[PDB]
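See structure below.
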Amino acid sequence: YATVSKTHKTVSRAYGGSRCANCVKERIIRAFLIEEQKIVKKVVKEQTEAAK
Amino acid sequence: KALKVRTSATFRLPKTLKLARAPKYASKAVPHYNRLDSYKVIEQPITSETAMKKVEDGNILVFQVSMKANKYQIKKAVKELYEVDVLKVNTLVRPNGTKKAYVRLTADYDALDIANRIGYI
Amino acid sequence: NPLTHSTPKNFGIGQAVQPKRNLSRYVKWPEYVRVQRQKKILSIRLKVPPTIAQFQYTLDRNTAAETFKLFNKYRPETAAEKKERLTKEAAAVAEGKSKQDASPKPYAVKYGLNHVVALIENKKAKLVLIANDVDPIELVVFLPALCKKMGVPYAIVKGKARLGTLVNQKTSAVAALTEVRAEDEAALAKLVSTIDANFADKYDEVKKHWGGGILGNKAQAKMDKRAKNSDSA
Amino acid sequence: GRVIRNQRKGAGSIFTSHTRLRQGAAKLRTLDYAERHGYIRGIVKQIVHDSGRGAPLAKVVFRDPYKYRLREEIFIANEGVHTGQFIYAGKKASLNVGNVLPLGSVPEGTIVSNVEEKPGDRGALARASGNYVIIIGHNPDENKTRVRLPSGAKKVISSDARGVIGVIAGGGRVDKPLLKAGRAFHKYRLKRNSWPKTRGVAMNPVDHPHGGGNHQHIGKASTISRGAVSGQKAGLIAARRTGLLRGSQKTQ
Amino acid sequence: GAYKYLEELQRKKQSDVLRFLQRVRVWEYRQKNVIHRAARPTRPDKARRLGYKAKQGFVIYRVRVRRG
RNA sequence: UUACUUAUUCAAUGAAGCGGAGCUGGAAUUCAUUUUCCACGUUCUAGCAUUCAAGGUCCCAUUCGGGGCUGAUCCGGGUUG
RNA sequence: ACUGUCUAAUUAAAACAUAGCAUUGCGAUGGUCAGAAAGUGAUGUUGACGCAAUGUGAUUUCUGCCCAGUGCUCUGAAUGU
């Protein structure tokens, strides 16, 4: 793998020759929805400290 | 005052100054001469009936060389003593424990011309 | 402001790998550091006898300043000073028919333990400064008591190194004054009165005080809060 | 006589443990600040067979609190855990199967396993397959916890010692007969060397205290005292009763 | 001189001052190596009467032997 | 008989958060007023967490950069039992 | 019971082993064992569904009475040695 060019050991994507386009796909789903839920989890506690 | 800030829990040895050697007298006071110079590298040509066939046909000089010499020192010794550029050198240790080198010369030099320049036919 | 955004980190446990803090409290020292620290610690936790405890009853900084100011006036002759005086007296005895006495009588501090102890036994020293730092303390534990026996006033002062500086040694561990110029007899008398008031008058009641037995601050905290939660309700 | 076999067991030449294929020492996380002040969350990445052992092991990866790296610990898989589960290790963690908690923070009757003896020795008790201890009570002053060990022996231990909730997987293993000398061979092939242990009564008087005679018999009492000597301890050491146990052994 | 006072004082090994020193020093010597270099004699007169003189090339080594 | 930790013994850790006090939070009841106790950033999810840390503030001589405090409470240097 | 093993060079067996059964020690400051010692080791990268010590020898059906003797063992006893 040191004699061949870069395009034999990669695909053109994030996580190219490491992950497999379906584990990359669920990685983007999971990163988006939890960090969006963390935006919900911030302000849903900002009503409990505003109403206690 | 105050004490210094340590961001690690490990103590390692300080990088102290280590001085170079400045002796009051020489190590052995006379440098040795060249242990494996060009007359000691190649000792003697090999003139057996099949070694003589390599001189005529193979463009190869069969030399007996020193047991300490490597292929760089034999490529440099043949070039020094005979002023001949060398293609490749193949060496073996003979079953009487001495070394034999198959020095191949380039195509510019005729090994049979150098063979009777050295003085063996 | 413009495109630079204040994003604070969350260094609570579970998130956001902790920043580099001062772990000098938790650094695994070399073995000589730990031995030299817990040696002091062990000499504090143990109940010390009163004839060792009298050291760390050291002289106060103002009186120490005055004492080293007086003792700087009688610093002994240095090596180049001895060379210049040896030339200026050897020529004098050889030609000027002197009896090796065209050099005046020196006034200097006396030092070295055998010299100073022999001067105290002869009742010849007028003041004795005693170091508190000496690592075999058996060299100097008899120096208070002997000074109380002989009527020589003595002061335990911080620094064998500071005693060594006044005498051009490295350390000297004791220093004495036996003869003093008459321009300094009053200052020597006031310093001796302060030193008697601090050391020699206090000796026969200091001689009974066992020192040490001082707990560490975790055990100190534990003991005080045990006293404050049990009794004080 | 000569040196008998269980005295050769301790010199450790061929009687050491056959430890090539082991995955590692099964251990809890060390008591750092997160484990005793709040919690921390790891992921179980793999449930894996460890040779020489009946229980499966679980690689659980954690985030290093002080350095940007990952730390993989090798727990014993409690029954029910699955790869991909989030495991919560710490004082203020929740009472779920898989979460390792200190014993002071669990109610009485909690079924934990891999429970420490001293707080910080990373897992000592209830550690073979199927086993578990029962937290039976707390003494909150001088803070201690009475638990019941798998042998039925009760034990008071520290309330800061940790343990993972649940019982250890692979249980009910020994209910299947081996049926073969081959299965006992391959069983002890990855543990040590004591499979074919010839009865001491069939040996010679050099080889054992039981050997010899024109019949195969022990000759003297097979119950040997505790204050006996290495070389004599062949039989039932310090046996306080013998014969078939009829009645409730089953200590209260 | 001081060496007579030290010579007599190192004979009272049951007195309080010497047993406190023996406890502190027997901890400290136990903390170091079995054979380790001593920078100076702890008994300077006992060393001195056994032949020691404080000049270069006279060396003190402390050493620890198992009893019994 | 039961207490101490400093001898001794055991254990863990690239000796990382120990001990004491504070800060706001609230349970909490005030016979004067705050006399005490618990907290004191993480739990749908097989993602992610690193460049003295961004920001707030003060210097340097503004060129690109560099430093101090804070962010991240103080105190004791007993690594923790 | 089987498959298996052993007396190389007079005995291959009904002997040994075996699974199965049972008993015992032991919760780590531990059981069993090693070393002349040790800041030393085996079991142990272990933890009672485990390690160690023995007896019996698949399955079916059972395993009776005796603790006086000799052992082992006990939260015991006491005014004997």
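The way I read the labels, and the way they are meant: chains A, B, ... in the order of the structure tokens, residue 1 as the first residue of every chain, and ligand 1 as the first ligand shown, with later ones counted on from there.
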ask   = Can you tell me, as a PyMOL selection string, what residues are no more than 12 Å from residue 17 (chain A) when counting only C-alpha atoms (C1' of nucleotides), ignoring any on the same chain fewer than 5 positions away?
value = chain A and resi 6-12+24
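Set the cut-off at 12 Å, count only C-alpha atoms (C1' of nucleotides), and the residues of chain F near chain B turn out to be residues 13, 14, 15, 16, 17, 52, 77 and 79 of chain F.
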Go ahead and write the selection's residues with C-alpha atoms (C1' of nucleotides) as a PDB file, in the first residue's frame.
```pdb
ATOM      1  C1'   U F  13      -2.269   5.142  40.226  1.00  0.00           C
ATOM      2  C1'   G F  14       1.897   7.663  33.274  1.00  0.00           C
ATOM      3  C1'   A F  15       1.099   9.384  42.503  1.00  0.00           C
ATOM      4  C1'   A F  16      -5.255  14.214  38.911  1.00  0.00           C
ATOM      5  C1'   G F  17      -8.726  16.554  41.968  1.00  0.00           C
ATOM      6  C1'   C F  52      -1.394  27.423  26.958  1.00  0.00           C
ATOM      7  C1'   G F  77       2.094  21.145  49.416  1.00  0.00           C
ATOM      8  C1'   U F  79      -0.508  11.131  46.090  1.00  0.00           C
TER       9        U F  79
END
```
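One finds CA of residue 45 (chain B) at 11.5 Å from CA of residue 60 (chain B).
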Exercise: residue 55 (chain G) partners within 10 Å, only C-alpha atoms (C1' of nucleotides), chain neighbours under 6 positions left out, as a PyMOL selection string:
(chain D and resi 199-201+217-218+222+235-236) or (chain G and resi 22-23)
Practice prompt. Considering only C-alpha atoms (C1' of nucleotides), extract the chain F residues located within 10 Å of chain D and return them as a PyMOL selection string.
Written response: chain F and resi 11-13+16-17+42-43+45-46+49-50+80-81
Generate a file of the selected residues that holds N, CA, C and O atoms (P, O5', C5', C4', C3', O3' and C1' of nucleotides), formatted as a PDB file, in the first residue's frame.
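Below is the file that was written, out-v1.pdb:
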```
ATOM      1  P     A F  11       0.464  -5.696  48.630  1.00  0.00           P
ATOM      2  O5'   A F  11      -0.570  -4.685  47.974  1.00  0.00           O
ATOM      3  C5'   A F  11      -1.903  -5.091  47.724  1.00  0.00           C
ATOM      4  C4'   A F  11      -2.788  -3.917  47.403  1.00  0.00           C
ATOM      5  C3'   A F  11      -2.388  -3.069  46.216  1.00  0.00           C
ATOM      6  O3'   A F  11      -2.720  -3.669  44.982  1.00  0.00           O
ATOM      7  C1'   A F  11      -3.068  -1.686  47.996  1.00  0.00           C
ATOM      8  P     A F  12      -1.913  -3.279  43.655  1.00  0.00           P
ATOM      9  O5'   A F  12      -2.607  -1.933  43.177  1.00  0.00           O
ATOM     10  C5'   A F  12      -3.993  -1.898  42.884  1.00  0.00           C
ATOM     11  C4'   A F  12      -4.465  -0.482  42.707  1.00  0.00           C
ATOM     12  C3'   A F  12      -3.655   0.353  41.737  1.00  0.00           C
ATOM     13  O3'   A F  12      -3.966   0.114  40.381  1.00  0.00           O
ATOM     14  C1'   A F  12      -3.958   1.572  43.711  1.00  0.00           C
ATOM     15  P     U F  13      -2.780   0.035  39.303  1.00  0.00           P
ATOM     16  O5'   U F  13      -2.539   1.553  38.893  1.00  0.00           O
ATOM     17  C5'   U F  13      -3.615   2.343  38.420  1.00  0.00           C
ATOM     18  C4'   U F  13      -3.384   3.808  38.668  1.00  0.00           C
ATOM     19  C3'   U F  13      -2.187   4.420  37.974  1.00  0.00           C
ATOM     20  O3'   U F  13      -2.448   4.723  36.619  1.00  0.00           O
ATOM     21  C1'   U F  13      -2.269   5.142  40.226  1.00  0.00           C
ATOM     22  P     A F  16      -2.278  10.093  39.574  1.00  0.00           P
ATOM     23  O5'   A F  16      -2.516  11.672  39.521  1.00  0.00           O
ATOM     24  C5'   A F  16      -2.784  12.431  40.694  1.00  0.00           C
ATOM     25  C4'   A F  16      -4.097  13.178  40.641  1.00  0.00           C
ATOM     26  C3'   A F  16      -5.339  12.347  40.320  1.00  0.00           C
ATOM     27  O3'   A F  16      -6.412  12.797  41.136  1.00  0.00           O
ATOM     28  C1'   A F  16      -5.255  14.214  38.911  1.00  0.00           C
ATOM     29  P     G F  17      -6.936  11.906  42.355  1.00  0.00           P
ATOM     30  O5'   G F  17      -7.914  12.887  43.132  1.00  0.00           O
ATOM     31  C5'   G F  17      -7.400  13.877  44.003  1.00  0.00           C
ATOM     32  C4'   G F  17      -8.011  15.232  43.751  1.00  0.00           C
ATOM     33  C3'   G F  17      -9.519  15.342  43.845  1.00  0.00           C
ATOM     34  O3'   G F  17      -9.957  15.428  45.188  1.00  0.00           O
ATOM     35  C1'   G F  17      -8.726  16.554  41.968  1.00  0.00           C
ATOM     36  P     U F  42     -25.639  17.995  34.618  1.00  0.00           P
ATOM     37  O5'   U F  42     -25.542  17.077  33.318  1.00  0.00           O
ATOM     38  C5'   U F  42     -24.872  17.514  32.146  1.00  0.00           C
ATOM     39  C4'   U F  42     -24.400  16.351  31.305  1.00  0.00           C
ATOM     40  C3'   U F  42     -25.188  15.059  31.441  1.00  0.00           C
ATOM     41  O3'   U F  42     -26.347  15.041  30.627  1.00  0.00           O
ATOM     42  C1'   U F  42     -22.866  14.601  31.550  1.00  0.00           C
ATOM     43  P     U F  43     -27.674  14.274  31.105  1.00  0.00           P
ATOM     44  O5'   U F  43     -27.322  12.734  30.944  1.00  0.00           O
ATOM     45  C5'   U F  43     -27.147  12.161  29.656  1.00  0.00           C
ATOM     46  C4'   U F  43     -28.076  10.995  29.413  1.00  0.00           C
ATOM     47  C3'   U F  43     -29.533  11.189  29.837  1.00  0.00           C
ATOM     48  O3'   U F  43     -30.385  10.616  28.857  1.00  0.00           O
ATOM     49  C1'   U F  43     -28.664   9.234  30.822  1.00  0.00           C
ATOM     50  P     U F  45     -29.221   6.584  25.242  1.00  0.00           P
ATOM     51  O5'   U F  45     -28.968   6.260  23.712  1.00  0.00           O
ATOM     52  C5'   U F  45     -29.454   5.056  23.144  1.00  0.00           C
ATOM     53  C4'   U F  45     -29.551   5.145  21.644  1.00  0.00           C
ATOM     54  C3'   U F  45     -28.226   5.264  20.898  1.00  0.00           C
ATOM     55  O3'   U F  45     -28.317   4.496  19.705  1.00  0.00           O
ATOM     56  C1'   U F  45     -29.638   7.019  20.268  1.00  0.00           C
ATOM     57  P     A F  46     -27.375   3.218  19.514  1.00  0.00           P
ATOM     58  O5'   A F  46     -25.931   3.867  19.422  1.00  0.00           O
ATOM     59  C5'   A F  46     -24.955   3.656  20.432  1.00  0.00           C
ATOM     60  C4'   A F  46     -23.565   3.565  19.860  1.00  0.00           C
ATOM     61  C3'   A F  46     -23.360   4.240  18.508  1.00  0.00           C
ATOM     62  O3'   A F  46     -22.047   4.791  18.439  1.00  0.00           O
ATOM     63  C1'   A F  46     -22.873   1.935  18.332  1.00  0.00           C
ATOM     64  P     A F  49     -13.485  12.964  18.574  1.00  0.00           P
ATOM     65  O5'   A F  49     -13.205  14.183  19.555  1.00  0.00           O
ATOM     66  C5'   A F  49     -13.225  15.526  19.082  1.00  0.00           C
ATOM     67  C4'   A F  49     -13.700  16.506  20.132  1.00  0.00           C
ATOM     68  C3'   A F  49     -12.800  16.685  21.349  1.00  0.00           C
ATOM     69  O3'   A F  49     -12.948  18.019  21.826  1.00  0.00           O
ATOM     70  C1'   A F  49     -14.907  15.938  22.054  1.00  0.00           C
ATOM     71  P     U F  50     -11.893  19.149  21.415  1.00  0.00           P
ATOM     72  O5'   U F  50     -10.492  18.431  21.619  1.00  0.00           O
ATOM     73  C5'   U F  50      -9.836  18.455  22.875  1.00  0.00           C
ATOM     74  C4'   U F  50      -8.349  18.394  22.681  1.00  0.00           C
ATOM     75  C3'   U F  50      -7.779  19.455  21.756  1.00  0.00           C
ATOM     76  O3'   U F  50      -7.488  20.656  22.452  1.00  0.00           O
ATOM     77  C1'   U F  50      -6.950  17.308  21.154  1.00  0.00           C
ATOM     78  P     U F  80      -3.376  13.194  49.399  1.00  0.00           P
ATOM     79  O5'   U F  80      -4.334  11.966  49.111  1.00  0.00           O
ATOM     80  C5'   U F  80      -5.221  11.970  48.009  1.00  0.00           C
ATOM     81  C4'   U F  80      -5.772  10.590  47.763  1.00  0.00           C
ATOM     82  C3'   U F  80      -6.204   9.835  48.998  1.00  0.00           C
ATOM     83  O3'   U F  80      -7.439  10.272  49.511  1.00  0.00           O
ATOM     84  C1'   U F  80      -4.983   8.397  47.588  1.00  0.00           C
ATOM     85  P     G F  81      -7.760  10.034  51.054  1.00  0.00           P
ATOM     86  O5'   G F  81      -8.616   8.697  51.041  1.00  0.00           O
ATOM     87  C5'   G F  81      -8.546   7.787  52.123  1.00  0.00           C
ATOM     88  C4'   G F  81      -8.719   6.365  51.665  1.00  0.00           C
ATOM     89  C3'   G F  81      -8.511   5.313  52.737  1.00  0.00           C
ATOM     90  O3'   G F  81      -9.638   5.134  53.571  1.00  0.00           O
ATOM     91  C1'   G F  81      -7.288   4.711  50.827  1.00  0.00           C
TER      92        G F  81
END
```
Report the closest atom pair, with its distance in Å rounded to one decimal, for each residue of chain G that has an atom no farther than 12 Å from chain E; count only C-alpha atoms (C1' of nucleotides), sort by chain and then rising residue number, and write it as CSV.
```
residue,atom,partner,partner_atom,distance
G:37,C1',E:66,CA,10.6
G:38,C1',E:66,CA,11.0
G:39,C1',E:33,CA,11.8
```
Create the file for the chosen residues now, containing N, CA and C atoms (P, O5', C5', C4', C3', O3' and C1' of nucleotides) and written as a PDB file, in the first residue's frame.
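This is the output file selection_20.pdb:
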```pdb
ATOM      1  P     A G  37      13.828 -20.089  53.639  1.00  0.00           P
ATOM      2  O5'   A G  37      14.121 -18.526  53.651  1.00  0.00           O
ATOM      3  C5'   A G  37      14.807 -17.907  54.728  1.00  0.00           C
ATOM      4  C4'   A G  37      15.459 -16.623  54.281  1.00  0.00           C
ATOM      5  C3'   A G  37      14.528 -15.607  53.639  1.00  0.00           C
ATOM      6  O3'   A G  37      13.988 -14.720  54.603  1.00  0.00           O
ATOM      7  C1'   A G  37      16.410 -15.978  52.240  1.00  0.00           C
ATOM      8  P     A G  38      12.537 -14.069  54.416  1.00  0.00           P
ATOM      9  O5'   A G  38      12.741 -12.960  53.300  1.00  0.00           O
ATOM     10  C5'   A G  38      13.529 -11.803  53.524  1.00  0.00           C
ATOM     11  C4'   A G  38      13.797 -11.104  52.219  1.00  0.00           C
ATOM     12  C3'   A G  38      12.557 -10.747  51.419  1.00  0.00           C
ATOM     13  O3'   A G  38      12.034  -9.484  51.776  1.00  0.00           O
ATOM     14  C1'   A G  38      14.068 -11.933  50.043  1.00  0.00           C
ATOM     15  P     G G  39      10.821  -9.378  52.815  1.00  0.00           P
ATOM     16  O5'   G G  39       9.776  -8.429  52.088  1.00  0.00           O
ATOM     17  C5'   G G  39      10.163  -7.143  51.629  1.00  0.00           C
ATOM     18  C4'   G G  39       9.639  -6.879  50.244  1.00  0.00           C
ATOM     19  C3'   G G  39      10.302  -7.693  49.141  1.00  0.00           C
ATOM     20  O3'   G G  39       9.364  -7.897  48.090  1.00  0.00           O
ATOM     21  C1'   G G  39      10.674  -5.407  48.752  1.00  0.00           C
TER      22        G G  39
END
```
Could you please select, counting only C-alpha atoms, the residues of chain C within 8 Å of chain D and state them as an MDAnalysis selection string? chainID C and resid 13:19
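Between CA of residue 195 (chain C) and CA of residue 64 (chain C) there is a distance of 10.0 Å.
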Enumerate, as number ranges by chain, the complete set of residues in region 84-238 of chain D that a backbone-based DSSP assignment places in helix (DSSP H, G or I).
D: 103-105, 141-143, 173-175, 181-188, 200-202
Run DSSP on the backbone and tell me which residues of region 78-205 of chain D come out as strand (DSSP E); list them as an MDAnalysis selection string.
chainID D and resid 86:90 100:102 111:113 133:139 144:148 154:158 162:165
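Atom pair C1' of residue 36 (chain G) / CA of residue 234 (chain D): separated by 26.6 Å.
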>> Using only C-alpha atoms (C1' of nucleotides) and a distance of at most 7 Å, pull out the residues of chain D that contact chain G, as a PyMOL selection string.
In response: chain D and resi 6-7+9-12+16+19+22+24-25+124-130+150-151+171-174+178-181+196+221+223-225+234-244
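The residue that comes closest to chain C, out of B:88, B:14, B:1, B:114 and on the basis of only C-alpha atoms, is B:14.
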When the cut-off is 12 Å and we count only C-alpha atoms, which residues of chain C are near chain E, given as a ChimeraX atom specification?
/C:30-54,112-122,134-143,145-146,174,210-212
For the selection just defined, write its residues with N, CA and C atoms to a file, as a short mmCIF file (atom, residue, chain, number, x, y, z; two decimals), in the first residue's frame.
```cif
data_model
loop_
_atom_site.label_atom_id
_atom_site.label_comp_id
_atom_site.auth_asym_id
_atom_site.auth_seq_id
_atom_site.Cartn_x
_atom_site.Cartn_y
_atom_site.Cartn_z
N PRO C 30 11.27 12.68 43.49
CA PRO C 30 12.35 11.72 43.73
C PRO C 30 12.41 11.30 45.19
N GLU C 31 13.15 10.22 45.44
CA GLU C 31 13.17 9.62 46.76
C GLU C 31 13.89 10.50 47.77
N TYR C 32 14.87 11.29 47.33
CA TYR C 32 15.56 12.16 48.26
C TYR C 32 14.69 13.33 48.69
N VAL C 33 13.80 13.80 47.82
CA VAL C 33 12.86 14.85 48.19
C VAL C 33 11.88 14.36 49.23
N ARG C 34 11.35 13.16 49.04
CA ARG C 34 10.41 12.59 50.01
C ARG C 34 11.09 12.29 51.33
N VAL C 35 12.34 11.81 51.30
CA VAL C 35 13.04 11.54 52.55
C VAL C 35 13.32 12.84 53.30
N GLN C 36 13.79 13.87 52.60
CA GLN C 36 14.07 15.13 53.28
C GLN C 36 12.81 15.89 53.70
N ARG C 37 11.65 15.57 53.12
CA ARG C 37 10.42 16.19 53.60
C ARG C 37 9.84 15.44 54.78
N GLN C 38 9.70 14.11 54.67
CA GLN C 38 9.14 13.36 55.78
C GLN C 38 10.10 13.22 56.95
N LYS C 39 11.38 13.58 56.78
CA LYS C 39 12.27 13.67 57.93
C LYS C 39 11.88 14.84 58.83
N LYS C 40 11.61 16.00 58.23
CA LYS C 40 11.10 17.15 58.97
C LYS C 40 9.73 16.85 59.55
N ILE C 41 8.88 16.18 58.77
CA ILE C 41 7.54 15.83 59.22
C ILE C 41 7.59 14.90 60.42
N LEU C 42 8.47 13.90 60.37
CA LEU C 42 8.60 12.95 61.47
C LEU C 42 9.22 13.59 62.70
N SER C 43 10.14 14.53 62.51
CA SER C 43 10.67 15.24 63.67
C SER C 43 9.67 16.23 64.26
N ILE C 44 8.61 16.57 63.54
CA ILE C 44 7.53 17.36 64.11
C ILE C 44 6.45 16.50 64.78
N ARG C 45 6.08 15.36 64.19
CA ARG C 45 5.00 14.55 64.76
C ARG C 45 5.42 13.88 66.06
N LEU C 46 6.70 13.55 66.20
CA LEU C 46 7.18 12.94 67.42
C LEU C 46 7.35 14.00 68.50
N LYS C 47 7.04 13.62 69.74
CA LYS C 47 7.27 14.49 70.88
C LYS C 47 8.76 14.56 71.16
N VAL C 48 9.34 15.73 70.96
CA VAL C 48 10.78 15.91 71.03
C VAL C 48 11.16 16.22 72.47
N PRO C 49 12.35 15.84 72.92
CA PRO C 49 12.79 16.18 74.26
C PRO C 49 13.07 17.66 74.38
N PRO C 50 13.09 18.21 75.60
CA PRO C 50 13.26 19.66 75.73
C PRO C 50 14.65 20.16 75.42
N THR C 51 15.65 19.28 75.44
CA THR C 51 17.01 19.70 75.17
C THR C 51 17.33 19.69 73.68
N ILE C 52 16.40 19.24 72.84
CA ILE C 52 16.46 19.49 71.41
C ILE C 52 15.53 20.63 71.02
N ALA C 53 14.38 20.71 71.70
CA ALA C 53 13.34 21.68 71.40
C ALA C 53 13.78 23.13 71.57
N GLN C 54 14.83 23.37 72.36
CA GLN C 54 15.34 24.71 72.57
C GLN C 54 15.91 25.35 71.31
N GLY C 112 34.92 27.61 65.06
CA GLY C 112 35.33 26.24 65.23
C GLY C 112 34.83 25.73 66.56
N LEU C 113 34.35 24.50 66.58
CA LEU C 113 33.61 24.04 67.75
C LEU C 113 34.53 23.74 68.92
N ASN C 114 35.71 23.17 68.66
CA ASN C 114 36.63 22.87 69.74
C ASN C 114 37.21 24.13 70.34
N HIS C 115 37.51 25.12 69.50
CA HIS C 115 38.01 26.41 69.96
C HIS C 115 36.98 27.12 70.83
N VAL C 116 35.74 27.19 70.35
CA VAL C 116 34.70 27.94 71.04
C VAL C 116 34.31 27.26 72.34
N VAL C 117 34.27 25.92 72.34
CA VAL C 117 33.96 25.18 73.56
C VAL C 117 35.07 25.34 74.59
N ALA C 118 36.32 25.38 74.12
CA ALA C 118 37.43 25.61 75.04
C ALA C 118 37.45 27.04 75.55
N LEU C 119 36.90 27.98 74.79
CA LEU C 119 36.82 29.35 75.27
C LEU C 119 35.69 29.51 76.28
N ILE C 120 34.60 28.78 76.09
CA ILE C 120 33.48 28.84 77.02
C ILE C 120 33.87 28.21 78.35
N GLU C 121 34.60 27.09 78.30
CA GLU C 121 35.06 26.45 79.52
C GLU C 121 36.06 27.30 80.30
N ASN C 122 36.80 28.17 79.62
CA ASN C 122 37.73 29.07 80.28
C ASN C 122 37.09 30.38 80.70
N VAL C 134 22.44 22.32 62.33
CA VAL C 134 23.46 21.27 62.23
C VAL C 134 22.82 19.89 62.26
N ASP C 135 23.26 19.02 61.35
CA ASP C 135 22.52 17.79 61.09
C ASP C 135 22.79 16.67 62.11
N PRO C 136 24.02 16.47 62.64
CA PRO C 136 24.10 15.82 63.94
C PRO C 136 23.94 16.86 65.04
N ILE C 137 22.82 16.84 65.75
CA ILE C 137 22.55 17.88 66.74
C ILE C 137 23.36 17.64 68.01
N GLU C 138 23.94 16.43 68.15
CA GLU C 138 24.79 16.09 69.29
C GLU C 138 26.04 16.95 69.37
N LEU C 139 26.43 17.59 68.26
CA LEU C 139 27.54 18.53 68.27
C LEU C 139 27.23 19.77 69.09
N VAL C 140 25.96 20.13 69.25
CA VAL C 140 25.68 21.47 69.76
C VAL C 140 24.62 21.48 70.86
N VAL C 141 24.03 20.32 71.18
CA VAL C 141 23.01 20.25 72.24
C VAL C 141 23.59 20.61 73.60
N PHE C 142 24.88 20.39 73.80
CA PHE C 142 25.46 20.80 75.07
C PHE C 142 25.85 22.26 75.10
N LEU C 143 25.76 22.97 73.99
CA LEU C 143 26.19 24.36 73.97
C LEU C 143 25.25 25.34 74.69
N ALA C 145 23.46 24.42 77.51
CA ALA C 145 23.58 24.05 78.91
C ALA C 145 24.92 24.47 79.49
N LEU C 146 26.00 24.23 78.75
CA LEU C 146 27.34 24.67 79.14
C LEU C 146 27.39 26.18 79.29
N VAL C 174 28.99 27.73 64.86
CA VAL C 174 29.12 28.42 66.13
C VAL C 174 30.06 29.59 65.87
N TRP C 210 8.53 19.83 76.63
CA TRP C 210 8.58 18.90 75.51
C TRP C 210 7.88 19.51 74.31
N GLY C 211 8.58 19.55 73.18
CA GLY C 211 8.04 20.08 71.95
C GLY C 211 7.53 18.98 71.05
N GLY C 212 7.16 19.37 69.83
CA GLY C 212 6.66 18.38 68.89
C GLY C 212 5.23 17.99 69.21
#
```
